[PDB]
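Asker: This structure is in structure tokens; I'll ask about it shortly.
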Amino acid sequence: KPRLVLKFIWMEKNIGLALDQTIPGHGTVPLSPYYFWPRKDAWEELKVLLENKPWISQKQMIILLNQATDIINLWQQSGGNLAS
Amino acid sequence: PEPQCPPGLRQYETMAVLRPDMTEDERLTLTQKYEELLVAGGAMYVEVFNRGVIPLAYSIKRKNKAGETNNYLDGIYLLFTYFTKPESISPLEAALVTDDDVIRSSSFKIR
Amino acid sequence: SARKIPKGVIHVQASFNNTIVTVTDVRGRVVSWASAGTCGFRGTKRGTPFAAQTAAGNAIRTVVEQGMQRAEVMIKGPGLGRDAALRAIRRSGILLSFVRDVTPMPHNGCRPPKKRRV
Amino acid sequence: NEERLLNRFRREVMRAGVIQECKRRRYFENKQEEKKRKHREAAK
Amino acid sequence: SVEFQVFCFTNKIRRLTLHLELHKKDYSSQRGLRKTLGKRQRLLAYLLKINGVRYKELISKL
Amino acid sequence: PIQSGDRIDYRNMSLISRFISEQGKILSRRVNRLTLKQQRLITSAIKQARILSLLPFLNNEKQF
RNA sequence: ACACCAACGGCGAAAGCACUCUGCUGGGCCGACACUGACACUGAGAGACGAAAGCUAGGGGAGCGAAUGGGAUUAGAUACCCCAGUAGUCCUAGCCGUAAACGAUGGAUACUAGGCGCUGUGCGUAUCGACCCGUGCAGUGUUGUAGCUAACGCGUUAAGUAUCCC
């Protein structure tokens with residue numbers, strides 16, 4: 001079981017959260033799924049994809065979700081203000 | 001060792017949860033009603049072993065005989081890996097509903 | 001007055017056309033409630049995020065006789081009144097321990113009524 | 001505290017869209033195939 | 001083996017009938033009883049088609 | 001994976017609770033990645049353990 | 001009444017059937033020759049079952065809700081919207097026997113490319129144990145050759161080629 005990377009991007013309007021996932025005991029190829037500019041859910045889409053995998057351990061899913069959460073959180077604050 | 005007797009009749013396993021308070025007449029009297037089952041069943045009645053008391057999820061509604069008092073969070077987890085005729089299981093259900101120290105008794109039929 | 005303990009639950013009945021911001025202690029004796037119909041305007045205006053913000057602000061501005069530090073919020077229901085209410089409580093910024101949902105999730109209990117066809 | 005919202009973000013795990021679903025009437029497989037076909041294809 | 005089919009279906013109808021008459025509303029096993037009656041009945045017309053005396057013995061046995 | 005030879009019963013609370021969420025609800029076959037048979041058998045077993053109050057019917061929501 | 005499980009999923013002859021457990025009991029599928037030796041198919045009239053609404057008799061009645069009543073919109077509103085709300089909905093014992101009771105496709109057998117699937121079992125590989133690959137069948141689905149079709153399409157589960165029966 002390889003281990004993992006969320007990649008975020010912040011531009012003022014729009015978050016992207018990108019989940020790159022990895023192999024269980026069964027050889028698999030994930031992408032990085034990038035979740036998108038419209039208000040359509042990023043955390044639900046990401047976490048659900050991970051749960052749908054089961055190929056991801058709980059520690060792995062959670063660490064990536066915590067990082068994802070943190071960025072959505074920073075993003076909400078910057079959007080409500082102007083940080084940039 | 002268990003597939004010796006099931007030419008003739010069936011195999012079950014009853015899960016029954018208990019009160020958390022009493023430690024006496026709990027291994028004793030419920031084994032005496034297990035002897036009432038022995039008058040009923042009379043087969044390889046073994047492995048009536050006990051499981052430790054742990055906090056369950058949510059339980060209300062003891063229904064004592066005119067008590068209707070106690071909420072619960074804990075319970076002693078008995079399970080009887082018994083073995084009987086398919087006749088007279090409903091009286092085991094009535095015996096494991098009506099008695100006080102047995103609440104929420106679900107029997108099963110392992111294969 | 002009250003028991004004078006600065007920890008206590010907050011419930012937000014966010015309806016589909018209203019909000020109610022009530023605040024009560026651990027036992028459940030309410031110390032104040034203030035809704036969108038409480039804070040003045042009433043009609044199609046009530047139940048919008050400005051009504052959630054104003055109703056939450058006028059709800060918990062009157063607990064300064066207590067000055068509750070350890071807040072915890074237990075919201076309920078669908079509507080446009082949740083997120084503005086949480087931004088109002090975080091605007092007052094008191095020690096919000098955890099927000100939570102206690103919405104009734106039925107297990108096919110009663111038949112919900114006719115579809116609207118409007 | 002910061003102005004981050006994880007209750008909305010966590011809320012879409014088990015969405016409040018099971019409550020906008022349950023306001024209107026119990027109706028059979030025509031609108032359960034519309035809502036649950038669009039929902040079985042929204043998660044795939 | 002034919003008379004084990006007729007006799008076996010006869011005990012099938014005995015045990016299923018003393019099931020059904022003290023029960024009275026299972027409308028699923030009614031088809032099982034009627035498929036058994038028809039299946040046995042085509043067997044009895046078969047063995048009657050073959051023989052006389054031997055089918056007379058099948059009647060006299062039950 | 002995780003079949004582990006021994007059959008799934010309500011007494012086996014190890015592989016069970018890997019299948020429910022912390023919210024306490026049953027996950028589907030395409031998430032848990034089992035066969036249909038494993039899915040139905042843990043379904044009946046999980047609902048049995050739901051009767052014995054080994055598992056909550058609802059877990060109270062939490063933050064922070 | 002039974003959320004998530006719920007799946008383009010399983011079962012039933014159809015209607016239907018999902019909270020769990022037990023009891024009785026139907027039906028299906030697969031293997032070995034273990035047995036009988038054509039006992040097969042269809043089926044007039046007949047008989048059974050047959051969603052929902054309906055009716056008789058007795059219970060029960062939380063939600064929903066024909067009729068009804070009030071408010072609104074409206075020129076008007078017996079309607080869509082809203083608030084109350086009776087029969088009904090549920091159960092016992094019956095009657096009724098109709099539905100877009102739809103796959104808009106009666107049943108049965110034999111034969112005629114493939115690809116991608118799912119479900120159940122069987123064999124071999126691999127390990128010696130869960131996998132995993134091919135397969136033998138049965139069932140369920142999706143694209144599709146030939147052929148048919150007025151066309152759309154159907155296409156081994158034919159609307160193909162033939163035979164039988166209503």
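By convention in this document, the chains of the structure tokens carry letters A, B, ... by their order, each chain's residues are numbered from 1, and ligands are numbered from 1 in the order they are shown.
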Once DSSP has gone over the backbone, tell me which residues of segment 6-52 of chain F are in helix (DSSP H, G or I), as a ChimeraX atom specification.
Answerer: /F:29-32,36-51
Asker: Would you export the selected residues with C-alpha atoms as a PDB file, in the first residue's frame, please?
Answerer:
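Saved the output as selection_16.pdb:
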```pdb
ATOM      1  CA  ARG F  29     -20.733  -3.193  -2.406  1.00  0.00           C
ATOM      2  CA  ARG F  30     -18.887  -0.849  -4.746  1.00  0.00           C
ATOM      3  CA  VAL F  31     -17.407   1.013  -1.781  1.00  0.00           C
ATOM      4  CA  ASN F  32     -16.570  -1.984   0.404  1.00  0.00           C
ATOM      5  CA  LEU F  36     -22.585  -9.878  -3.645  1.00  0.00           C
ATOM      6  CA  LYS F  37     -22.533 -12.774  -1.179  1.00  0.00           C
ATOM      7  CA  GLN F  38     -20.182 -11.078   1.282  1.00  0.00           C
ATOM      8  CA  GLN F  39     -22.296  -7.920   1.031  1.00  0.00           C
ATOM      9  CA  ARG F  40     -25.602  -9.617   1.813  1.00  0.00           C
ATOM     10  CA  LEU F  41     -24.109 -11.736   4.566  1.00  0.00           C
ATOM     11  CA  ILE F  42     -22.546  -8.795   6.364  1.00  0.00           C
ATOM     12  CA  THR F  43     -25.820  -6.959   5.757  1.00  0.00           C
ATOM     13  CA  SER F  44     -27.884  -9.510   7.672  1.00  0.00           C
ATOM     14  CA  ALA F  45     -25.137  -9.869  10.285  1.00  0.00           C
ATOM     15  CA  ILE F  46     -24.816  -6.099  10.764  1.00  0.00           C
ATOM     16  CA  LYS F  47     -28.558  -5.748  11.178  1.00  0.00           C
ATOM     17  CA  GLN F  48     -28.487  -8.573  13.726  1.00  0.00           C
ATOM     18  CA  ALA F  49     -25.793  -6.702  15.642  1.00  0.00           C
ATOM     19  CA  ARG F  50     -27.986  -3.641  15.247  1.00  0.00           C
ATOM     20  CA  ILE F  51     -30.662  -5.536  17.159  1.00  0.00           C
TER      21      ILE F  51
END
```
Asker: Please list as a PDB file with C-alpha atoms (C1' of nucleotides), in the first residue's frame every residue within 10 Å of segment 91-94 of chain B, counting only C-alpha atoms (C1' of nucleotides) and excluding residues in the same chain fewer than 5 positions away.
Answerer:
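Output saved as around-v6.pdb:
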```
ATOM      1  CA  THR B  14     -29.257 -18.085  21.301  1.00  0.00           C
ATOM      2  CA  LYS B  33     -33.577 -22.478  33.058  1.00  0.00           C
ATOM      3  CA  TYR B  34     -31.013 -23.940  30.706  1.00  0.00           C
ATOM      4  CA  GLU B  36     -35.449 -26.456  31.830  1.00  0.00           C
ATOM      5  CA  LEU B  37     -34.282 -26.444  28.218  1.00  0.00           C
ATOM      6  CA  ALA B  40     -37.090 -29.871  26.696  1.00  0.00           C
ATOM      7  CA  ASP B  99     -37.859 -13.799  32.732  1.00  0.00           C
ATOM      8  CA  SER B 105     -33.037 -12.396  23.348  1.00  0.00           C
ATOM      9  CA  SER B 106     -32.406 -13.211  19.679  1.00  0.00           C
ATOM     10  CA  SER B 107     -31.849 -16.845  18.767  1.00  0.00           C
TER      11      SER B 107
ATOM     12  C1'   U G  22     -37.737 -18.938  14.389  1.00  0.00           C
TER      13        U G  22
END
```
Asker: Env of residue 42 of chain D: 12 Å cut, atoms = only C-alpha atoms (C1' of nucleotides), seq-sep filter 3 positions within chain, self excluded. Answer as a list in words.
Answerer: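 Here the answer would be residues 40, 41, 44, 45, 48 and 49 of chain A; 34, 35, 36, 37, 38 and 39 of chain D.
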Asker: Name the residues in contact with segment 71-80 of chain B at a cut-off of 9 Å, using only C-alpha atoms (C1' of nucleotides), excluding same-chain residues fewer than 2 positions from it; report them as a PyMOL selection string.
Answerer: chain B and resi 12-21+34+45-62+69+82-83+107
Asker: Those selected residues, please, written with N, CA and C atoms and delivered as a compact mmCIF listing (two decimals), in the first residue's frame.
Answerer:
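Once written, result_39.txt looks like this:
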```
# COMPACT_ATOMS: atom_id res chain seq x y z
N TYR B 12 -28.86 -24.69 16.91
CA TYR B 12 -29.17 -23.28 17.08
C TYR B 12 -28.07 -22.60 17.88
N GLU B 13 -28.27 -21.31 18.16
CA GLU B 13 -27.41 -20.55 19.06
C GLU B 13 -28.16 -19.31 19.50
N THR B 14 -28.47 -19.20 20.79
CA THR B 14 -29.26 -18.09 21.30
C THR B 14 -28.36 -17.03 21.93
N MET B 15 -28.51 -15.79 21.47
CA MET B 15 -27.87 -14.65 22.08
C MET B 15 -28.86 -13.98 23.03
N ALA B 16 -28.46 -13.80 24.29
CA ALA B 16 -29.32 -13.17 25.28
C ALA B 16 -28.48 -12.22 26.13
N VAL B 17 -28.97 -11.00 26.33
CA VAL B 17 -28.23 -10.03 27.12
C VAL B 17 -28.93 -9.92 28.47
N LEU B 18 -28.19 -9.47 29.47
CA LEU B 18 -28.62 -9.62 30.86
C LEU B 18 -28.61 -8.29 31.59
N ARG B 19 -28.93 -8.35 32.88
CA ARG B 19 -28.73 -7.17 33.69
C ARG B 19 -27.24 -7.03 34.01
N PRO B 20 -26.77 -5.81 34.24
CA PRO B 20 -25.38 -5.62 34.65
C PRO B 20 -25.17 -5.66 36.15
N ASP B 21 -26.23 -5.70 36.95
CA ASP B 21 -26.09 -5.53 38.39
C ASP B 21 -25.65 -6.82 39.07
N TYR B 34 -31.63 -23.12 31.73
CA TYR B 34 -31.01 -23.94 30.71
C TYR B 34 -31.25 -25.42 30.98
N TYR B 45 -25.72 -30.06 24.50
CA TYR B 45 -26.11 -28.76 25.02
C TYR B 45 -24.93 -27.88 25.36
N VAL B 46 -23.74 -28.23 24.87
CA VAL B 46 -22.48 -27.71 25.37
C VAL B 46 -22.25 -26.28 24.94
N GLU B 47 -21.19 -25.68 25.49
CA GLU B 47 -20.64 -24.38 25.10
C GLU B 47 -21.67 -23.26 25.30
N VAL B 48 -21.99 -23.06 26.56
CA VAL B 48 -23.02 -22.13 26.99
C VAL B 48 -22.32 -20.90 27.54
N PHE B 49 -21.14 -20.62 26.98
CA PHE B 49 -20.16 -19.78 27.63
C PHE B 49 -20.61 -18.33 27.65
N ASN B 50 -19.97 -17.57 28.52
CA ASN B 50 -20.34 -16.21 28.84
C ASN B 50 -19.38 -15.25 28.17
N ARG B 51 -19.87 -14.06 27.89
CA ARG B 51 -19.05 -13.00 27.34
C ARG B 51 -19.10 -11.82 28.30
N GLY B 52 -18.01 -11.05 28.34
CA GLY B 52 -17.90 -9.98 29.32
C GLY B 52 -18.89 -8.86 29.08
N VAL B 53 -19.23 -8.17 30.16
CA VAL B 53 -20.17 -7.06 30.10
C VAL B 53 -19.46 -5.83 29.54
N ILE B 54 -20.07 -5.21 28.53
CA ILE B 54 -19.51 -4.03 27.88
C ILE B 54 -20.64 -3.02 27.67
N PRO B 55 -20.31 -1.74 27.49
CA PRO B 55 -21.35 -0.78 27.13
C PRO B 55 -21.89 -1.05 25.73
N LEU B 56 -23.21 -1.22 25.66
CA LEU B 56 -23.89 -1.39 24.39
C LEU B 56 -24.18 -0.01 23.79
N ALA B 57 -24.95 0.03 22.71
CA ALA B 57 -25.19 1.31 22.05
C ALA B 57 -26.27 2.11 22.78
N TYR B 58 -27.49 1.60 22.80
CA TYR B 58 -28.62 2.32 23.38
C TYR B 58 -29.67 1.30 23.81
N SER B 59 -30.09 1.35 25.07
CA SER B 59 -31.20 0.50 25.50
C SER B 59 -32.02 1.22 26.55
N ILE B 60 -33.33 1.01 26.49
CA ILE B 60 -34.32 1.49 27.43
C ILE B 60 -35.13 0.25 27.83
N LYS B 61 -36.18 0.44 28.64
CA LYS B 61 -37.37 -0.42 28.66
C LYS B 61 -37.05 -1.85 29.10
N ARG B 62 -36.69 -1.97 30.38
CA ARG B 62 -36.51 -3.28 31.00
C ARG B 62 -37.79 -4.09 30.98
N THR B 69 -38.81 0.21 35.18
CA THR B 69 -37.99 1.25 35.78
C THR B 69 -36.67 1.47 35.07
N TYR B 82 -26.40 -24.13 21.75
CA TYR B 82 -27.13 -25.33 22.11
C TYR B 82 -27.61 -26.01 20.85
N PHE B 83 -28.48 -26.99 21.02
CA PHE B 83 -28.70 -27.98 19.99
C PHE B 83 -29.98 -28.70 20.35
N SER B 107 -32.43 -15.56 19.11
CA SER B 107 -31.85 -16.85 18.77
C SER B 107 -31.47 -16.85 17.30
```
Asker: Report, in Å to a single decimal, how far apart atom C1' of residue 23 of chain G and atom CA of residue 87 of chain B are.
Answerer: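 Value for the atom CA of residue 87 of chain B-atom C1' of residue 23 of chain G distance: 7.8 Å.
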Asker: Can you check which parts of chain G lie within 7 Å of chain F? Per residue, the shortest pair of atoms and distance in Å to one decimal, counting only C-alpha atoms (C1' of nucleotides), sorted by chain and number, as CSV.
Answerer:
```
residue,atom,partner,partner_atom,distance
G:4,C1',F:25,CA,5.1
G:5,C1',F:26,CA,5.2
G:20,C1',F:48,CA,6.2
G:130,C1',F:3,CA,6.7
```
Asker: Keeping only N, CA and C atoms (P, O5', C5', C4', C3', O3' and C1' of nucleotides), write those residues as a PDB file, in the first residue's frame.
Answerer:
```pdb
ATOM      1  P     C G   4     -32.400   3.608   1.680  1.00  0.00           P
ATOM      2  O5'   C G   4     -30.868   3.677   2.107  1.00  0.00           O
ATOM      3  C5'   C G   4     -30.160   4.906   2.076  1.00  0.00           C
ATOM      4  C4'   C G   4     -28.848   4.799   2.804  1.00  0.00           C
ATOM      5  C3'   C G   4     -27.973   3.630   2.395  1.00  0.00           C
ATOM      6  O3'   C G   4     -27.185   3.931   1.268  1.00  0.00           O
ATOM      7  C1'   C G   4     -28.112   3.729   4.751  1.00  0.00           C
ATOM      8  P     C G   5     -27.111   2.903   0.052  1.00  0.00           P
ATOM      9  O5'   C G   5     -27.021   1.484   0.753  1.00  0.00           O
ATOM     10  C5'   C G   5     -25.776   0.819   0.856  1.00  0.00           C
ATOM     11  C4'   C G   5     -25.932  -0.522   1.514  1.00  0.00           C
ATOM     12  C3'   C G   5     -26.507  -1.627   0.650  1.00  0.00           C
ATOM     13  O3'   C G   5     -25.548  -2.249  -0.181  1.00  0.00           O
ATOM     14  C1'   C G   5     -27.621  -1.579   2.731  1.00  0.00           C
ATOM     15  P     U G  20     -34.447  -7.870   6.926  1.00  0.00           P
ATOM     16  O5'   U G  20     -34.131  -8.595   8.300  1.00  0.00           O
ATOM     17  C5'   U G  20     -32.881  -8.402   8.928  1.00  0.00           C
ATOM     18  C4'   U G  20     -32.904  -8.906  10.340  1.00  0.00           C
ATOM     19  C3'   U G  20     -33.232 -10.375  10.505  1.00  0.00           C
ATOM     20  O3'   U G  20     -32.110 -11.208  10.287  1.00  0.00           O
ATOM     21  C1'   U G  20     -34.469  -9.098  12.059  1.00  0.00           C
ATOM     22  P     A G 130     -10.390 -21.929   1.165  1.00  0.00           P
ATOM     23  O5'   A G 130     -10.995 -20.507   0.787  1.00  0.00           O
ATOM     24  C5'   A G 130     -10.388 -19.702  -0.209  1.00  0.00           C
ATOM     25  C4'   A G 130     -10.299 -18.263   0.228  1.00  0.00           C
ATOM     26  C3'   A G 130     -10.399 -17.232  -0.885  1.00  0.00           C
ATOM     27  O3'   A G 130     -11.729 -16.967  -1.294  1.00  0.00           O
ATOM     28  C1'   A G 130      -8.529 -16.735   0.435  1.00  0.00           C
TER      29        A G 130
END
```
Asker: Might you pull out every residue within 10 Å of segment 7-11 of chain B, with only C-alpha atoms (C1' of nucleotides) counted and same-chain residues fewer than 5 positions away left off, and present them as a PDB file with C-alpha atoms, in the first residue's frame?
Answerer:
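Writing the result to around21.pdb gives the following:
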```pdb
ATOM      1  CA  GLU B   2     -20.684 -31.086  16.961  1.00  0.00           C
ATOM      2  CA  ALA B  43     -29.045 -32.963  23.191  1.00  0.00           C
ATOM      3  CA  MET B  44     -25.401 -31.841  22.969  1.00  0.00           C
ATOM      4  CA  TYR B  45     -26.114 -28.765  25.021  1.00  0.00           C
ATOM      5  CA  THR B  81     -24.430 -22.789  21.488  1.00  0.00           C
ATOM      6  CA  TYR B  82     -27.130 -25.326  22.111  1.00  0.00           C
ATOM      7  CA  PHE B  83     -28.701 -27.985  19.993  1.00  0.00           C
ATOM      8  CA  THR B  84     -32.300 -29.180  19.926  1.00  0.00           C
ATOM      9  CA  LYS B  85     -35.365 -30.395  18.113  1.00  0.00           C
ATOM     10  CA  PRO B  86     -37.057 -27.729  15.963  1.00  0.00           C
ATOM     11  CA  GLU B  87     -40.167 -28.372  17.994  1.00  0.00           C
ATOM     12  CA  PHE B 108     -30.150 -17.926  15.561  1.00  0.00           C
ATOM     13  CA  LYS B 109     -29.500 -21.010  13.464  1.00  0.00           C
ATOM     14  CA  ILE B 110     -25.872 -21.353  12.408  1.00  0.00           C
ATOM     15  CA  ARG B 111     -25.165 -23.585   9.417  1.00  0.00           C
TER      16      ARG B 111
END
```
Asker: Quick one: everything within 10 Å of residue 86 of chain C, counting only C-alpha atoms (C1' of nucleotides), minus sequence neighbours fewer than 6 positions away in the same chain. Send it as a ChimeraX atom specification.
Answerer: /C:12,52-53,56,73,75,92-93,96,99 /D:3,5,7
Asker: In Å, with one decimal, what is the gap from atom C1' of residue 49 of chain G to atom CA of residue 33 of chain E?
Answerer: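 Calculated distance between atom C1' of residue 49 of chain G and atom CA of residue 33 of chain E is 13.8 Å.
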Asker: Contacts from chain E to chain G, 10 Å maximum, only C-alpha atoms (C1' of nucleotides): show me the residue list as an MDAnalysis selection string.
Answerer: chainID E and resid 1:5 15:16 19:20 23 26:34 39 42:47 49:50
Asker: Which residues are close to residue 18 of chain D, i.e. within 10 Å by only C-alpha atoms (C1' of nucleotides), leaving aside same-chain residues fewer than 3 positions away? Reply as an MDAnalysis selection string.
Answerer: (chainID C and resid 78 105:106) or (chainID D and resid 14:15 21:23) or (chainID G and resid 3)
Asker: Please identify every residue of chain D that has at least one atom no more than 12 Å from any atom of chain F, counting only C-alpha atoms, and report them as a PyMOL selection string.
Answerer: chain D and resi 1+4-11+13-14+40+43-44
Asker: Output the contact residues of chain G with respect to chain D at a cut-off of 12 Å, based on only C-alpha atoms (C1' of nucleotides), as a PyMOL selection string.
Answerer: chain G and resi 1+3-4+6-8+63-65
Asker: Chain F near chain B within 8 Å: what's each residue's closest atom pair and its distance in Å to one decimal, counting only C-alpha atoms, ordered by chain then ascending residue number, as a tab-separated table?
Answerer:
```
residue	atom	partner	partner_atom	distance
F:52	CA	B:104	CA	7.1
F:53	CA	B:57	CA	4.9
F:54	CA	B:56	CA	5.3
F:55	CA	B:57	CA	5.7
F:56	CA	B:57	CA	5.1
```
Asker: Quick check, in Å to one decimal: how far apart do atom CA of residue 10 of chain F and atom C1' of residue 120 of chain G lie?
Answerer: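 It comes out at 25.6 Å.
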Asker: Show me, as a PDB file with N, CA and C atoms, in the first residue's frame, every residue of chain C with an atom at most 7 Å from chain D, counting only C-alpha atoms.
Answerer:
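Output file selection05.pdb follows:
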```pdb
ATOM      1  N   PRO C  78     -33.582  21.588   7.371  1.00  0.00           N
ATOM      2  CA  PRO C  78     -33.121  22.197   6.125  1.00  0.00           C
ATOM      3  C   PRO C  78     -33.552  23.644   5.998  1.00  0.00           C
ATOM      4  N   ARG C 111     -46.240   8.834   5.984  1.00  0.00           N
ATOM      5  CA  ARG C 111     -46.260   9.262   4.597  1.00  0.00           C
ATOM      6  C   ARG C 111     -46.193  10.778   4.516  1.00  0.00           C
ATOM      7  N   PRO C 112     -45.172  11.345   3.886  1.00  0.00           N
ATOM      8  CA  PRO C 112     -45.163  12.780   3.648  1.00  0.00           C
ATOM      9  C   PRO C 112     -46.229  13.151   2.632  1.00  0.00           C
ATOM     10  N   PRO C 113     -46.776  14.358   2.701  1.00  0.00           N
ATOM     11  CA  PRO C 113     -47.981  14.673   1.930  1.00  0.00           C
ATOM     12  C   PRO C 113     -47.693  14.925   0.457  1.00  0.00           C
ATOM     13  N   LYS C 114     -48.794  15.120  -0.301  1.00  0.00           N
ATOM     14  CA  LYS C 114     -48.877  15.286  -1.765  1.00  0.00           C
ATOM     15  C   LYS C 114     -47.792  16.163  -2.359  1.00  0.00           C
ATOM     16  N   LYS C 115     -47.365  15.825  -3.567  1.00  0.00           N
ATOM     17  CA  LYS C 115     -46.446  16.703  -4.261  1.00  0.00           C
ATOM     18  C   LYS C 115     -47.195  17.934  -4.736  1.00  0.00           C
TER      19      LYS C 115
END
```
